[PDB]
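Inspection log for the structure reproduced underneath, given as structure tokens.
Coordinate-derived values only; no laboratory data. Every residue, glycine as well, gets a Cβ built from its backbone with ideal geometry; the counts of neighbours run over all protein chains shown.
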Amino acid sequence: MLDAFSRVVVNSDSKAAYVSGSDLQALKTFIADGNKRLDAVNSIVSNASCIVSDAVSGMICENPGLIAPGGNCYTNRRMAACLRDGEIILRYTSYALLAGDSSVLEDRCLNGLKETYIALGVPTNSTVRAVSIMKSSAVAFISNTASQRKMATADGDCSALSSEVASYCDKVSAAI
Amino acid sequence: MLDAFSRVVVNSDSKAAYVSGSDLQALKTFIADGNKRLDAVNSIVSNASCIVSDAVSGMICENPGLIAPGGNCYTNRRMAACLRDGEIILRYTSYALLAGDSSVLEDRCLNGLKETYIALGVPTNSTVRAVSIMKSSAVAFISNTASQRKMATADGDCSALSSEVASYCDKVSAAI
Amino acid sequence: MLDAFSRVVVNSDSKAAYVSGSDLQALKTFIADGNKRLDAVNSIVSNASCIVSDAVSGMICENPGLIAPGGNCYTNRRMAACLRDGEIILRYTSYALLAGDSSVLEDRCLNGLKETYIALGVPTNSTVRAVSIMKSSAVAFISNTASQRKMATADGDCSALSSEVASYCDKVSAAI
Amino acid sequence: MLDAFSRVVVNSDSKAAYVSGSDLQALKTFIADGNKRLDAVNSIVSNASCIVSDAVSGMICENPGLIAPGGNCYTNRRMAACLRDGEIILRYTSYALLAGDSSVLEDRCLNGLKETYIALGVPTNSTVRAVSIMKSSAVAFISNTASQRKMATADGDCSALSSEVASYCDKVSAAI
Amino acid sequence: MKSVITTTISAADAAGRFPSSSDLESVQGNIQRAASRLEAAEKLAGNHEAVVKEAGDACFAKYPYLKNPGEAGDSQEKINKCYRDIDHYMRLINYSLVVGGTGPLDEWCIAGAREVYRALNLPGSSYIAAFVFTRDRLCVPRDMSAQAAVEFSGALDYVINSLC
Amino acid sequence: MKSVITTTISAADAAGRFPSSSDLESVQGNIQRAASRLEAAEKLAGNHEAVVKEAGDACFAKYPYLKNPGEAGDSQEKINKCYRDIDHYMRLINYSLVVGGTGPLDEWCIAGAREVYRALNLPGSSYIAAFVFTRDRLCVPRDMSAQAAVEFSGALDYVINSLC
Amino acid sequence: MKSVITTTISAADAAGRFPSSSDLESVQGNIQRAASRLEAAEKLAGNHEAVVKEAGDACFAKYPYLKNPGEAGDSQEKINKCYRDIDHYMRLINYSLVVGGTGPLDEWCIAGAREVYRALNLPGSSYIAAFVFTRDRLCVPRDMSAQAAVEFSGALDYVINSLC
Amino acid sequence: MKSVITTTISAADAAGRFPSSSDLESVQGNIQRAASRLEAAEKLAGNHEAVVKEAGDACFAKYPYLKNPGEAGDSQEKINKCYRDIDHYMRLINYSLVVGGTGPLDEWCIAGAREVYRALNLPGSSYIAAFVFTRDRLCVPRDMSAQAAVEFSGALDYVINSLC
Ligand SMILES: C=CC1=C(C)[C@@H](Cc2[nH]c(/C=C3N=C(/C=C4/NC(=O)[C@H](C)[C@H]4CC)C(C)=C\3CCC(=O)O)c(CCC(=O)O)c2C)NC1=O
Ligand SMILES: C=CC1=C(C)[C@@H](Cc2[nH]c(/C=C3N=C(/C=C4/NC(=O)[C@H](C)[C@H]4CC)C(C)=C\3CCC(=O)O)c(CCC(=O)O)c2C)NC1=O
Ligand SMILES: C=CC1=C(C)[C@@H](Cc2[nH]c(/C=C3N=C(/C=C4/NC(=O)[C@H](C)[C@H]4CC)C(C)=C\3CCC(=O)O)c(CCC(=O)O)c2C)NC1=O
Ligand SMILES: C=CC1=C(C)[C@@H](Cc2[nH]c(/C=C3N=C(/C=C4\NC(=O)[C@H](C)[C@H]4CC)C(C)=C/3CCC(=O)O)c(CCC(=O)O)c2C)NC1=O
Ligand SMILES: C=CC1=C(C)[C@@H](Cc2[nH]c(/C=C3N=C(/C=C4\NC(=O)[C@H](C)[C@H]4CC)C(C)=C\3CCC(=O)O)c(CCC(=O)O)c2C)NC1=O
Ligand SMILES: C=CC1=C(C)[C@@H](Cc2[nH]c(/C=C3N=C(/C=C4\NC(=O)[C@H](C)[C@H]4CC)C(C)=C\3CCC(=O)O)c(CCC(=O)O)c2C)NC1=O
Ligand SMILES: C=CC1=C(C)[C@@H](Cc2[nH]c(/C=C3N=C(/C=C4\NC(=O)[C@H](C)[C@H]4CC)C(C)=C\3CCC(=O)O)c(CCC(=O)O)c2C)NC1=O
Ligand SMILES: C=CC1=C(C)[C@@H](Cc2[nH]c(/C=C3N=C(/C=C4\NC(=O)[C@H](C)[C@H]4CC)C(C)=C\3CCC(=O)O)c(CCC(=O)O)c2C)NC1=O
Ligand SMILES: C=CC1=C(C)[C@@H](Cc2[nH]c(/C=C3N=C(/C=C4\NC(=O)[C@H](C)[C@H]4CC)C(C)=C\3CCC(=O)O)c(CCC(=O)O)c2C)NC1=O
Ligand SMILES: C=CC1=C(C)[C@@H](Cc2[nH]c(/C=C3N=C(/C=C4\NC(=O)[C@H](C)[C@H]4CC)C(C)=C\3CCC(=O)O)c(CCC(=O)O)c2C)NC1=O
Ligand SMILES: CCC1=C(C)[C@@H](CC2=N/C(=C\c3[nH]c(C[C@@H]4NC(=O)C(C)=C4CC)c(C)c3CCC(=O)O)C(CCC(=O)O)=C2C)NC1=O
Ligand SMILES: CCC1=C(C)[C@@H](CC2=N/C(=C\c3[nH]c(C[C@@H]4NC(=O)C(C)=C4CC)c(C)c3CCC(=O)O)C(CCC(=O)O)=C2C)NC1=O
Ligand SMILES: CCC1=C(C)[C@@H](CC2=N/C(=C\c3[nH]c(C[C@@H]4NC(=O)C(C)=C4CC)c(C)c3CCC(=O)O)C(CCC(=O)O)=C2C)NC1=O
Ligand SMILES: CCC1=C(C)[C@@H](CC2=N/C(=C\c3[nH]c(C[C@@H]4NC(=O)C(C)=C4CC)c(C)c3CCC(=O)O)C(CCC(=O)O)=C2C)NC1=O
């Protein structure tokens, strides 16, 4: 559980040195562009219900074998757990986007996720497809691109934060 | 946690098919022979006290090394846990015989039994000898061929029921 | 708890006497009309969802002060709890009708309910109004006189069971 | 718990009215003077260890019987619990001062304290003396009239906060 | 998988008891009732194609707004999914009759329907319209025996009670 | 009191469910078996004096050593108390047949029997030999019908197994 | 009552700590944003009559099937209760802006609305059409400043997420 | 590490909630105050050599008895260790300004200081005397801004209260 500021002091502690002015230049930039970081976290959590619905429904549409008997999203109980997993993964991504660091995502959610899915028989390749759809859905909302829903906001540059969202989603796919 | 009726629909669910005529015809025989099955359970649980005593005492006489010092049935505490374990194994066989399916035997008793016994050092060759004696005792009571004790019942044939008891005990020997 | 059979035994224990012929004949009447008792009970359970909403909405309409600000059914949290516990009362009444004795209703639900309702500030005038509606709904369903819902059942009388249901709901209203 | 803002909406809920212009105006004063309110709490928490040490020092000195055998602060174990209770009370006053309402102080600390002290034998005559000493020292630290500790701060009038903290500690003496 | 047999067995297992006299009396209840209960399972298995089509047709007529754009059923692909779901429900009602309890219904139909129907946003009142019509079209004794019909209405009334 | 009815109600109560068809199927089994059990309870009620008084005699014939001084049954007051206990056990067996389960036996005679007999130095095989002899006289159909004898012998084998 | 202050105190109290420097920084955020949300709270307070009335017809316009006999809103009293429900929600959105957190929404309206609407047969899509219409209709700056609309659309999106 | 961001997120994580207006308002407090804190940390980083030497001397001038044989600091090796330990504390105060909370101080010195100082027999008054001298000597505006010095004295008062 580390934010952007804690990451700076953790690295500098390993050499037992005070946080220098040069290292503080990264933090002053982080604070200056903090309000842009609050444009975006508000955007994802406002549309969390729609994003997970697109991911899971689109994932099944491309792999019709999941709803056939023996598939891992067949009954109602399995379908409800798949939707609940999509929400938890998205919830922890919006934690890292707010904090500015991936520590919260890595240590509380993706720790041991690969082993659990192996024991349960969850398909690993289909879990990647679900998250990759969530990654494209979230990025579209960050840059205010989604065709049906548009959130009124002042013009600006979104490259730094949208790229960060893609990096957090790739960590999930790479771990599982 | 599956009986003979629930086993039929589990097989049918794997092919997403309604319960066919052939399966329903086999189930009608189970209901027709239900009274024959009831009698079997009754005979076992009435004589369950002495079945586990013939098995455990009988296993000791053919292998006197268990009661020798350092054996796994030496003291009273080891002797007491031997009788309790023999009665628990017989207890689940009656559950499987009543339900008509062996899933209750495998899932709640036989799951991990081999791993537990290896850690504790219980000899396997002795354990299967006790069960093989229990199998003979149970078959004798079902067919009403016990030398000392007889139960008055209407004349009939229970080759199907006595054979069914044999298969459940052979599962216990194979598990450990 | 105690059912109809067990109530006879407990009474005969207080005098240390065997179950006499006179009491046994009373049980034989209970068994002979046992099909009616299950035939009654199924009618109550099958419509349990609409019976409760009959009571709670009916109690509010005659006493609009419940949903006014400061009332005990004002928000959604209180309204949900009113539906939840009102259904619990109906659930234990079907246990009493099924078992044939009111001991289960008194011991597990009615024990200490009055002192709790005082602590929470629940009005007793409104609670007994909701219960008295449930008794009227259940009796009309038991005798098969519901206006909009018919169930096919062989012709006969059920004044014995309708009198049974009415008394059980009267015990709840008399306790609180 | 309830802060200053939640107190406004709870009162306005009891009449089911929207938050009025007059009540909204009184809230803006709370927000406008919000820098002083934080400026005040920071003074109390920086001297919490010093404040609680005066109170127990003063309380014992004017009543020398407490440390004598048979007193309620005789051994080290009772002396330590006296300091732990003194800091806990001063801790909850700073919570109420930060929040702007006394709801937190009453519900989590002052509820049932009188019954507990009676059962434990704690003298309530000396307890209120300890609180009254804390009340005097805390007011001095807010108004920056402490004899030995002075903190450089912007000049202004903060008698509104000084009267407020004296009222919170008054509730402590009234409850016990 | 709740049933007469498994409820009795689990009760004795939790207390560590052999199957007793009270345990074997419960199984006799299944034997007596299996005659009518396995008759209703045959009729549903032999006519599931006609029953599903009739029930699904009345579901959309009662709420024609489901055909409108933006709702559940604005395309041909979505409509043929609605009929498939009803065929699933009629299949598990058929299982409930053979098994003898609400086992198959509670595990494969009602376990998470509250979350799934909210997330995919298909109203649950439309499902009730399908089963209410099926329950009301049931006729005795041209369709099945008098006791079989009571069992079939018992399974339908549980499914409707789940969504209400 | 464990029986057919309480076992299913307790099972349904724990899960928070209304009585479903699975629970009503268990009570239906009680109706079928109640005919046979209530004949055995009637037969025992009208002849408890003869059964109990002969049962105690068989116990003392098998174990004459109980007559010796310093043992249970060493005086005339003690010997009467031995017959009184067998009457209590034969009374609870009559309760078991009426109730329909092992309820009355478990909570009134079996629960603390191990500690009481050990403390009072009452051998358990003296009570066993009392019920074995009673179970041996039982013949069909002079005493009761074929099904009543099964129900009666079931309760007696339950009592013996707890003392074994 | 979730809020900036209550959450900060609850986190500090649970660990048994005095209000530290990090705790005062949380309150500092409330001061900066208080002007923005209190501007929307003063605007909504004066137009609760006009906003609720327009949203009411929007809900029924999209779903005319509520006017038929047998479903929700089939009588004059029931339609009157429909508009009162929208006012209740729009009253707590006004409370949420003043408080600064979703406390009033979560405890009073969200509470257990899931179980209540199932029992009374109130579709959750009917409410969403009311809040969706109000959220999209809001425009800047003839209604409120740019920052006020951020907080107002923030509360509307939260209450929508609870209904779907 | 405790901070405005981590405490806010951890409270949301515990309840399984998305970051809402309550959570984003807390982070807004850090943005406002980051200007004042970051000035103090950058000032101490460039002048840590002078602060440590001045603070260390004040400790030994007030308590000359630490020089005597048998006490802590009776040798040149032990004397230089005293200045090294003060450097660590001034380093973590500098970390507490950058982080924005008392994270590093609790995690890295206050966590187990009380047991450690007892075993090595290091009086807590000596460390207290060093920080009291630094806290009182800092003056505005020649050293730092008025608001930056408030944050610095907040960090010094926290560690001082921990040692006594
Ligand atoms: C929790 C509450 C909260 C918010 C919701 C944000 C709101 C917010 N974000 C920015 C900050 C900003 N937002 C943008 C504009 C952008 N162009 C886009 O379409 C993107 C969404 C975004 C880039 C990621 C940029 C680049 C600025 C600063 C420049 C400007 O637009 O004025 C600003 C300052 C200037 C401005 O109004 O834009 C504010 C008030 N911050 C907060 O405190
Ligand atoms: C519902 C519970 C219940 C029972 C099951 C019995 C249990 C019981 N029986 C006796 C009573 C007794 N029982 C006997 C009789 C015997 N002598 C023999 O030859 C035999 C070994 C033995 C029976 C076979 C004796 C000797 C006593 C006197 C005290 C004793 O137990 O030693 C006593 C002691 C006092 C009393 O009479 O209550 C008790 C607790 N009574 C109950 O109310
Ligand atoms: C703080 C929580 C809170 C709420 C959110 C509401 C929730 C609520 N609304 C109604 C009241 C109602 N609401 C409606 C209105 C409707 N007609 C339609 O066409 C629509 C589909 C449907 C909702 C949009 C109806 C039909 C009732 C009557 C139900 C009843 O009286 O039981 C009732 C029943 C009490 C009554 O008014 O008699 C309740 C608890 N009340 C609160 O105080
Ligand atoms: C992050 C937390 C936090 C704090 C710890 C304080 C910090 C703080 N103090 C003051 C400055 C102030 N100093 C005081 C208070 C006092 N009046 C006196 O005569 C005494 C010496 C002193 C008792 C403490 C007043 C009156 C203000 C507020 C300005 C005002 O209302 O005029 C101000 C406003 C102007 C400035 O920046 O200097 C602030 C932000 N507030 C916060 O936001
Ligand atoms: C620490 C963080 C955290 C998570 C990320 C999950 C972790 C997690 N994953 C699963 C396990 C599961 N995850 C899913 C979801 C899926 N269904 C599929 O077919 C897909 C490939 C896959 C993701 C799209 C399902 C349905 C199961 C259970 C497998 C099954 O029931 O067959 C479970 C078991 C419970 C369950 O969901 O059934 C848990 C706890 N929950 C957390 O608290
Ligand atoms: C709830 C308690 C309960 C039971 C325990 C059974 C008891 C029972 N079994 C049978 C029925 C029968 N009993 C048997 C079977 C057997 N005969 C043997 O020689 C074997 C020992 C035994 C099987 C192990 C036969 C041959 C019948 C006749 C019908 C059949 O084949 O089942 C019958 C019908 C009539 C009769 O023959 O008595 C009954 C009531 N049913 C119940 O109601
Ligand atoms: C497994 C569970 C189970 C049930 C649900 C019932 C089902 C049931 N109901 C009746 C049938 C009957 N039960 C009733 C009772 C009623 N008559 C009325 O006027 C009322 C509408 C209704 C109660 C609601 C009567 C009077 C009969 C006719 C015969 C009898 O007395 O049993 C019968 C006997 C004859 C028949 O098959 O129709 C049975 C088995 N019993 C069971 O075994
Ligand atoms: C949040 C609420 C809260 C409080 C306010 C206290 C409440 C409280 N008070 C005491 C109980 C006590 N109260 C005191 C304090 C005093 N006795 C005296 O002689 C003085 C008059 C007085 C100081 C003002 C003492 C000394 C004990 C413990 C008695 C003992 O140690 O034997 C105890 C028992 C535990 C203990 O202290 O050992 C508790 C839980 N603690 C809390 O958590
Ligand atoms: C074994 C468990 C099981 C069930 C009990 C149901 C439950 C269920 N329903 C749907 C979900 C779905 N089912 C439908 C059907 C409908 N569209 C309409 O015209 C109607 C309003 C509505 C039914 C009344 C559609 C179209 C979807 C996908 C959601 C959508 O595209 O809107 C899904 C997801 C799979 C899918 O995408 O179809 C599941 C598992 N189906 C099952 O497999
Ligand atoms: C995490 C940060 C951190 C700390 C806070 C210290 C903690 C610490 N303090 C001492 C221990 C010490 N600290 C001092 C300092 C002093 N000289 C005196 O005369 C007084 C007692 C005191 C004045 C301030 C001395 C002399 C020792 C060495 C004593 C010993 O090791 O026995 C030691 C053992 C030896 C050493 O490495 O110094 C450690 C690990 N070190 C760290 O890494
Ligand atoms: C119903 C599920 C569904 C699909 C769609 C596809 C699945 C799917 N979702 C996509 C596409 C997609 N669809 C939406 C949602 C949709 N778009 C909007 O502009 C807004 C606001 C929406 C709500 C009405 C989003 C947000 C994306 C991601 C953005 C993108 O197109 O890259 C994409 C392209 C990129 C990606 O996300 O992987 C695919 C493959 N199949 C399905 O069965
Ligand atoms: C000398 C020590 C000793 C023993 C004891 C035996 C144990 C024993 N008895 C058996 C099995 C067995 N045990 C009983 C029970 C027993 N018999 C009756 O006639 C009645 C009513 C009984 C009450 C106690 C029966 C009825 C059988 C079945 C008959 C048989 O196969 O022998 C079996 C067959 C099982 C097998 O071989 O796997 C053996 C060998 N062995 C020993 O070393
Ligand atoms: C507007 C708020 C409101 C209500 C709700 C009613 C509530 C109500 N309806 C009743 C009466 C009542 N209601 C039902 C249920 C209902 N009717 C049927 O016949 C069928 C099939 C039903 C399924 C929905 C039954 C079964 C009865 C008993 C008599 C009857 O058969 O109608 C009773 C019971 C009589 C009493 O206790 O005094 C009352 C008061 N009135 C109100 O003020
Ligand atoms: C011998 C046992 C003993 C004590 C010790 C004190 C304890 C004490 N300190 C007080 C309260 C108090 N405490 C302070 C803080 C004070 N200013 C500073 O700058 C610092 C660091 C301070 C610590 C001394 C002030 C300014 C007051 C109010 C003025 C006063 O001391 O009376 C008060 C007055 C409150 C009251 O009476 O209700 C008392 C009794 N007196 C005793 O009887």
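Scanning region C:24-48 for residues that are within 7 Å of chain F (Cβ to nearest Cβ) and in contact with a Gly (Cβ under 8 Å, 6 or more places away or on another chain) yields one hit, C:42.
Between B:98, B:83, B:66, B:120, which is under 30 Å from residue B:33 (Cα atoms) and not basic (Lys, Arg)? So that I can check it myself, show each step before the final result.
Details: B:83 fails: under 30 Å from residue B:33 (Cα atoms); B:66 fails: under 30 Å from residue B:33 (Cα atoms); B:120 fails: under 30 Å from residue B:33 (Cα atoms).
Result: B:98 is the single residue among B:98, B:83, B:66, B:120 that is under 30 Å from residue B:33 (Cα atoms) and not basic (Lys, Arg).
Exactly one residue out of H:157, H:143 is without any contact (Cβ under 8 Å) to a residue 40 or more places away in the chain and within 14 Å of chain D (Cβ to nearest Cβ): that is H:157. The single condition from (1) in contact (Cβ under 8 Å) with a residue 24 or more places away in the chain; (2) away from ligand 11 (no atom under 15 Å from the Cβ); (3) away from chain E (no Cβ under 14 Å) that residue A:87 fails is (3). Residue selection: residue D:21 fails the criterion of being surrounded by 14 or more Cβ atoms within 10 Å (Cβ to Cβ) and away from chain C (no Cβ under 14 Å). Among the residues of region B:112-147, those that are within 16 Å of ligand 6 (Cβ to nearest atom) and without any contact (Cβ under 8 Å) to a residue 24 or more places away in the chain comprise B:140, B:143, B:145, B:147. Elements of the type helices (runs of 4 or more DSSP H) sitting completely within region B:4-122 and holding at least 1 residues that are under 20 Å from residue F:161 (Cα atoms): these cover B:34-46, B:48-62, B:76-99.
Every condition in (1) farther than 18 Å from residue E:141 by Cα; (2) facing another protein chain (nearest Cβ under 8 Å); (3) of a type in the set (A, V, I, L, M, F, W, C) is met by residue E:41 except one, and the failing one is (1).
Taken over region H:10-51, the criterion of being hydrophobic (A, V, I, L, M, F, W, C) and over 30 Å from residue G:158 (Cα atoms) is satisfied by H:35, H:38, H:40, H:41, H:44, H:45, H:50, H:51.
Given the condition among the aromatic types (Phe, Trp, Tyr) and touching a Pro at 6+ places or on another chain (Cβ under 9 Å), answer yes or no: does some residue in region C:113-126 qualify? Yes, there is a match, as at least one residue in region C:113-126 is among the aromatic types (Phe, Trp, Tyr) and touching a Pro at 6+ places or on another chain (Cβ under 9 Å).
Among the residues of region H:140-159, those identified as β-branched (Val, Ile, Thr) and within 20 Å of residue H:98 (Cβ to Cβ) are H:150, H:159. When region C:148-159 is limited to residues that are touching a residue at least 24 places away in the same chain (Cβ under 8 Å) and more than 7 Å from ligand 13 (Cβ to nearest atom), the one that is nearest to residue C:78 (Cα to Cα) turns out to be C:151. Within region G:83-94, residues that are more than 10 Å from every other protein chain (Cβ to nearest Cβ) and under 17 Å from residue G:60 (Cα atoms) have Cβ atoms under 7 Å from residues that are away from ligand 11 (no atom under 16 Å from the Cβ) and among the small types (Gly, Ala, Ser) in these pairs: G:83/G:56; G:86/G:55; G:86/G:56; G:86/G:130, counting only partners at least 6 apart in sequence or on another chain. With respect to residue E:156, determine if the residue is in contact with a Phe, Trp or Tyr (Cβ under 6 Å, 6 or more places away or on another chain) and under 30 Å from residue B:26 (Cα atoms). Answer is yes for this residue. In summary, residue H:4 fulfils each of the numbered conditions (1) of a type in the set (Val, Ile, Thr); (2) at the interface with chain G (Cβ under 9 Å from one of its Cβ atoms); (3) closer than 16 Å to residue H:156 by Cβ with the single exception of condition (3).
Taken over region F:29-81, the criterion of being of a type in the set (D, E, K, R), free of Cβ contacts under 8 Å to residues at least 12 places away in the same chain and surrounded by 18 or more Cβ atoms within 10 Å (Cβ to Cβ) is satisfied by F:42 alone.
Name every residue in region A:59-74 that is surrounded by fewer than 20 Cβ atoms within 10 Å (Cβ to Cβ), free of Cβ contacts under 8 Å to residues at least 24 places away in the same chain and either in contact with a helix residue (DSSP H, G or I) (Cβ under 8 Å, 6 or more places away or on another chain) or more than 9 Å from every other protein chain (Cβ to nearest Cβ) (or both), in order of residue number. The answer is A:60, A:61, A:64, A:65, A:67, A:69, A:71, A:74. The set of residues from region G:9-28 being surrounded by 21 or more Cβ atoms within 10 Å (Cβ to Cβ), more than 7 Å from every other protein chain (Cβ to nearest Cβ) and under 26 Å from the mean Cα position of the chain (by Cα) is empty.
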